[PDB]
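In what follows, chains are A, B, ... by sequence order, proteins preceding strands, each numbered from 1.
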Amino acid sequence: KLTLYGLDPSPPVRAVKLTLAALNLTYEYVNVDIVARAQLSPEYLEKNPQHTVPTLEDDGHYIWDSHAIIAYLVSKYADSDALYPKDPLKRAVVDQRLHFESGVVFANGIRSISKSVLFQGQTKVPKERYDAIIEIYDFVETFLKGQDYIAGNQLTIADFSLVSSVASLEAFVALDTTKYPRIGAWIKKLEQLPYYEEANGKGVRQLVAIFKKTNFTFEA
Amino acid sequence: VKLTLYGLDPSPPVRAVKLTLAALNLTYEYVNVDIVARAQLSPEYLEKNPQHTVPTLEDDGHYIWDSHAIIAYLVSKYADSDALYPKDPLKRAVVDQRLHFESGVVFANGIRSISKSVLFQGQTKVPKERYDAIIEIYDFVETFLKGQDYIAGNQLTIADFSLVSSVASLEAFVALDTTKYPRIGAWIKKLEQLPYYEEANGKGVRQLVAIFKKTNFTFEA
Ligand SMILES: N[C@@H](CCC(=O)N[C@@H](CS)C(=O)NCC(=O)O)C(=O)O
Ligand SMILES: N[C@@H](CCC(=O)N[C@@H](CS)C(=O)NCC(=O)O)C(=O)O
């Protein structure tokens, strides 16, 4: 019995939706209205004291942080270790990419802007935040050099994690696929998964539209 | 020997790896990478780590980077038991949440946000936002320690090494009020009892604090 707490525009929530779909697991999806600060309710804080989404409930146990969740799901429920290989050297690449996503991409790239634009209602965003997004594209383009997937030669949860956030960066800076052909090819490859549209595609488009509506701009 | 660690003592994620190597009693070569001299940007270093960060670990022709990936690798490959990184999916999920909390909320948003501005871009005035972020980190860690002696449960794990390397470093920006944060104070004190703590984490924390003291940076009101 799985319950996922979150909302479709959220990148880390979509990373979990991709993993759940890839593992063909059934779950209840509970909406959490972040703009209304519904995550700050006493009832949600009891589930996740960091008051973030996603939170996964698995038969009474609460797990949070999307990367911890999707590793947990694969380790516990997958038929094989395909999505999260147990071989320590292969796992070390996956883990590096996941922690890259946690810090460099999401915390420094996305939440840094979401906080000032959506949470604080500010229209102007410091130029450093633009520079941070270009740095992310540059790194991811390098990470994809000579391989079809982000962490090696097979689909893993690192792909789910990073595609959920890297595709979201379009909300701030459109991806130039002439400058970034590897990133373009990799998103296109992942878009072919039958569950991609419902798990990640539509939420990306929603987030992009949310930020379009704010009319935010980068400071020079 | 077979293991090489690339890094430098003031760096919190390098110290996370030094703590783990010490706890596992592994021998290794320590190679200094002077990030102040931008030595991590040499083409030679980029071949080992294209993200040009420290730490990097070299193990028999393989390069691993990101401190959290490195220390999970070390325990899984070399430890006698999974004590420091339990394999039980549920216990593992708590450790993993704490590690990723360190990557994003603590290091990226808390420390590197200020370090880049102050150490490498020479800014002396830091926005109040960055002070508030450190206080929120202290608030979260205090909550995480509720009812237990360690950060991810009832036993020492790599989550303790990761988070103490960075949380102890926060003194460089905001001194820790142990009357407001008695659990954090006790937890740091408990880890300081580890005989390998002084060399692995303690010296470098003090170095980092002294580096920031010298810059004379302040937070805006
Ligand atoms: N790295 C974390 C990010 C979690 C996170 O910050 N989620 C955002 C939504 S995208 C959130 O919960 N914001 C509300 C809050 O922190 O109060 C993860 O992968 O779960
Ligand atoms: N979260 C990463 C942080 C790595 C990191 O950013 N290290 C800093 C030093 S504390 C660095 O290498 N700065 C040089 C650079 O990024 O070029 C980890 O745990 O390894």
So what's closer than 4.5 Å to chain B heavy atoms on A:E135: side chain, backbone, both or neither?
->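 Only the side chain of A:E135 comes within 4.5 Å of chain B.
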Which bit of A:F106 is near chain B, if near means a heavy-atom gap under 4.5 Å: side chain, backbone, both or neither?
->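 Neither part, no heavy atoms under 4.5 Å.
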If you count heavy atoms of other groups shown closer than 6.0 angstrom to [atom1] of [X], is the number above 12?
| X | atom1 | value |
| --- | --- | --- |
| A:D87 | CG | yes |
| B:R38 | CZ | no |
| A:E46 | CD | no |
| B:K48 | NZ | yes |
| B:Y131 | OH | no |
| A:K124 | NZ | yes |

Among A:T52, A:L98, A:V94, which has the most heavy-atom pairs under 4.5 Å with chain B?
->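 Answer, by heavy-atom pair count under 4.5 Å with chain B: A:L98.
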Top contributor to chain B contacts, counting heavy-atom pairs under 4.5 Å, from A:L89, A:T142, A:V105 =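 Greatest number of close heavy-atom pairs with chain B: A:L89.
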Relative to chain A, which segment of [X] carries a heavy atom at a distance below 4.5 Å: side chain, backbone, both, or neither?
| X | value |
| --- | --- |
| B:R112 | neither |
| B:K87 | neither |
| B:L57 | neither |

What heavy-atom pair brings B:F144 and A:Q50 nearest, and what distance separates the two atoms?
->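 Scanning both residues, the minimum pair turns out to be CZ-OE1, 3.9 Å.
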How far apart are the closest heavy atoms of A:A107 and B:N109, and which atoms are they?
->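 That would be O-OD1, 4.4 Å.
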Please work out whether the ring planes of A:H51 and B:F140 are parallel, tilted or perpendicular, with thresholds of 30° and 60°.
->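 The arrangement is tilted - the two ring planes meet at 30° to 60°.
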By number, which residues in residues 146-168 of chain B have some heavy atom less than 4.5 Å away from chain A?
->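 From residues 146-168 of chain B, none sit under 4.5 Å of chain A.
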Per-residue contacts, residues 59-77 of chain B versus chain A, heavy atoms under 4.5 Å =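 Only B:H62, B:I64, B:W65, B:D66, B:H68, B:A69, B:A72, B:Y73, B:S76 of residues 59-77 of chain B have a heavy atom under 4.5 Å from chain A.
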